[PDB]
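Here is the structure we will look at.
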Amino acid sequence: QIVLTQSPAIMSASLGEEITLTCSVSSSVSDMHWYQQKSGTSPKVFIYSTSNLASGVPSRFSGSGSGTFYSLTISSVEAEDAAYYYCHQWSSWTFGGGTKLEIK
Amino acid sequence: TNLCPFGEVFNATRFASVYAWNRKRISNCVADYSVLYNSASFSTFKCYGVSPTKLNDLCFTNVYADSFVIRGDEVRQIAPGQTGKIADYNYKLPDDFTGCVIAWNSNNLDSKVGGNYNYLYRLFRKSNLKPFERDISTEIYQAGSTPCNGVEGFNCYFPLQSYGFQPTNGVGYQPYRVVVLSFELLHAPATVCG
Amino acid sequence: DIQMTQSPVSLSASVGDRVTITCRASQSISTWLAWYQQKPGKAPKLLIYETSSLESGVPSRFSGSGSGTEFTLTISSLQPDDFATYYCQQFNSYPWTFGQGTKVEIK
Amino acid sequence: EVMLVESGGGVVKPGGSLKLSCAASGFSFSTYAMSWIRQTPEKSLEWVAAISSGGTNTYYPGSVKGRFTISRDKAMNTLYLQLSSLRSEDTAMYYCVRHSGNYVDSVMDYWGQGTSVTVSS
Amino acid sequence: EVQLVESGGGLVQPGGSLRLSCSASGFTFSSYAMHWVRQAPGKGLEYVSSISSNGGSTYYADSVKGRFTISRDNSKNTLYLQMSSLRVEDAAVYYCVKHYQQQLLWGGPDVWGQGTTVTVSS
Ligand SMILES: *[C@@H]1O[C@H](CO)[C@@H](O[C@@H]2O[C@H](CO)[C@@H](O)[C@H](O)[C@H]2NC(C)=O)[C@H](O)[C@H]1NC(C)=O
């Protein structure tokens, strides 16, 4: 079985600067998806297959990685990115923890 | 109008593991791939160079059906051009392929509560595979200047790791049975027509 | 005995610079490499493992990359608690051969 | 354009059973797979039910297999999740989810709004 | 909390002897093979010795082997490094690492010790 871990618990980077997110798997998986919820709202999809932006997300977001480490990095964070960012794959049954990116 | 054995290759009682897969030849047959296509119990029915609905009126001379069992997430690596663990060490398809790759879920069938430890896969090999090439070689593997000769010590490891197949594993780590239907054309008369 | 060349051997970089340290082998290992960070006076610490996987508890500005023969580490914005040396180490072949050293003094 | 609503959530008794309905219309329903995703109030999401596109492949995790029976009907274009014999762990926010491929392997594109279920007396 | 700590160390004349000790606590000791790695002062790192999960197999570097021997004890949570026929090139700190994996030996150290200074003089 697989537990997907995200560390640290709550990350914070000041406005316009670059932060990155981690999603570490206990084994090897091919891809990794990234869903994002705001407070009091259902989560929506941002990235499928670790590098493709969804139709609706701004094109500052990105991410890479394969195997046992997956990323979601923002080159310049904005004030609407005050949210939880859950990573999830096909092979888990359980989502990631969710680093609540709050601005600084 | 005597139909071909596909009830020997699909609903078999036990498939083989991937590092020694099962190659079976089809000869003196008449098939019907629409029954394979319009069964709707398969999960991944991708054909890679012939259109699937026109497959019935296409008359070949030998079909090769290879059967093995992989992890559910690694069905992507049974395509022409993909690389990875299974692709370059276990079962490599050539990048001029024309065939159909079939896959469906088989957890209830291949998973004990303690977990089946008889499905294995190749982890260490000297180089990659040329296509359609099996290597059933249980010799230990080695790295820098000194050879082992069967000691299994540091720097020497068994070329196999076991699949962990538990009934609570995930929809992507459940054991998937795949069948790589592969077509050929030798300088010979037509033997399978449909 | 895969001796690894770690280059550059010494450099300086100010706060907020994107630095890149590369480590290149002779025999092609297959994504079995780990980095380290040795503060001057005590033991090394495992930062990057298996050439991409960031170890837990480490600040996420560290990020290893590369595959094949040569491998690279990079830091996004250099922080004033990172003026240490970074060794690279293979573990494909079992005789372990570590790097050379990179004395990153901040100017 | 595409929208999925949840209705049928309330408060049930411990050991009680009810049926969560998810209405869906606006897209081609019988060519996509769907799933249920629950969220305990520690805000840690969790996969709880998964059905294929046609209806021949049904998937449940190791904890709720034998308590939750998923359903699918393309006539009214709905989705049913038949809860039964609930423990104290099923107090959550249950979501309705549409996949992108013809199997459960693909990414989850569109989500529902969310229904409240709790296990309390 | 996984932690390793060592004791011993000191000085020895060339040709003498010294036994080191690596006492570990906080994890399953019998399922995690451990190795030694040395570092001459002011120089780079170096690999010296190792042992398997139950003392079955050992493998040293070719530059040190023959004069060294390693031993461990699963009932005492200790790892020993018995040195003999000492020279000037061994005057180094001797860290104690442990594996990331279990019972497979094919790669990956996990956490490092604290080291104890071993030097030679006259
Ligand atoms: C393997 O065996 C099963 C069991 O018979 C086959 O399933 C049958 O499929 C036909 C074709 O639609 C149905 O008419 C039967 O009702 C099915 N039998 C059942 C449900 O018990 C399956 O098709 C076989 N596989 C192949 C490739 O022929």
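Residue numbers start at 1 in each chain; chains themselves are named A, B, ... in the order of the structure tokens; ligands are numbered from 1 in the order shown.
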Select residues of chain A: the criterion is any atom within 7 Å of an atom of chain D, counting only C-alpha atoms; output as a PyMOL selection string. chain A and resi 33+42+44-45+48+90+93-95+97
Expected answer as a PyMOL selection string: chain E residues within 9 Å of chain C, only C-alpha atoms: chain E and resi 43-48+59-62+95+106-115
Take the residues that were just selected and, keeping C-alpha atoms, output them as a PDB file, in the first residue's frame.
ATOM      1  CA  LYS E  43      40.201  15.909   3.222  1.00  0.00           C
ATOM      2  CA  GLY E  44      37.248  14.292   1.482  1.00  0.00           C
ATOM      3  CA  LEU E  45      35.179  11.327   2.544  1.00  0.00           C
ATOM      4  CA  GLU E  46      35.987   7.651   2.060  1.00  0.00           C
ATOM      5  CA  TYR E  47      34.364   4.230   2.368  1.00  0.00           C
ATOM      6  CA  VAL E  48      35.918   1.551   4.585  1.00  0.00           C
ATOM      7  CA  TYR E  59      32.617  -6.371   2.084  1.00  0.00           C
ATOM      8  CA  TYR E  60      35.414  -3.865   2.616  1.00  0.00           C
ATOM      9  CA  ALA E  61      37.251  -1.619   0.217  1.00  0.00           C
ATOM     10  CA  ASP E  62      40.357  -3.173  -1.314  1.00  0.00           C
ATOM     11  CA  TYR E  95      31.104   7.668  11.133  1.00  0.00           C
ATOM     12  CA  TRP E 106      21.595  -2.929  -2.820  1.00  0.00           C
ATOM     13  CA  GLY E 107      21.908   0.721  -1.900  1.00  0.00           C
ATOM     14  CA  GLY E 108      21.044   3.788   0.114  1.00  0.00           C
ATOM     15  CA  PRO E 109      22.284   5.107   3.428  1.00  0.00           C
ATOM     16  CA  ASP E 110      19.679   6.771   5.657  1.00  0.00           C
ATOM     17  CA  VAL E 111      21.138   8.600   8.687  1.00  0.00           C
ATOM     18  CA  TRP E 112      24.684   9.241   9.826  1.00  0.00           C
ATOM     19  CA  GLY E 113      26.271   9.035  13.248  1.00  0.00           C
ATOM     20  CA  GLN E 114      28.445  11.516  15.110  1.00  0.00           C
ATOM     21  CA  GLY E 115      31.939  10.078  14.689  1.00  0.00           C
TER      22      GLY E 115
END
Can you list, as a list in words, every protein, DNA or RNA residue that comes within 10 Å of residue E:86 when you count only C-alpha atoms, leaving out same-chain residues fewer than 2 positions away? residues 12, 13, 14, 15, 16, 17, 18, 67, 68, 83, 84, 88, 89, 90, 91 and 120 of chain E
Tell me, which residues of stretch 6-117 of chain D carry DSSP strand (DSSP E), written as JSON, numbers by chain? {"D": [6, 7, 11, 12, 19, 20, 21, 22, 23, 24, 25, 34, 35, 36, 37, 38, 39, 40, 44, 45, 46, 47, 48, 49, 50, 51, 58, 59, 68, 69, 70, 71, 72, 73, 78, 79, 80, 81, 82, 83, 92, 93, 94, 95, 96, 97, 98, 99, 108, 109, 110, 111, 115, 116, 117]}
Which residues of chain C have any atom within 8 Å of an atom in chain A when counting only C-alpha atoms, and what is the closest pair of atoms for each, with the distance in Å to one decimal? Order the rows by chain and rising number and write it as CSV.
residue,atom,partner,partner_atom,distance
C:52,CA,A:69,CA,6.3
C:53,CA,A:69,CA,4.9
C:54,CA,A:69,CA,7.0
C:56,CA,A:7,CA,6.9
C:57,CA,A:7,CA,7.2
C:60,CA,A:20,CA,6.7
C:61,CA,A:20,CA,7.4
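Interatomic distance, atom CA of residue B:22 to atom CA of residue B:65: 8.3 Å.
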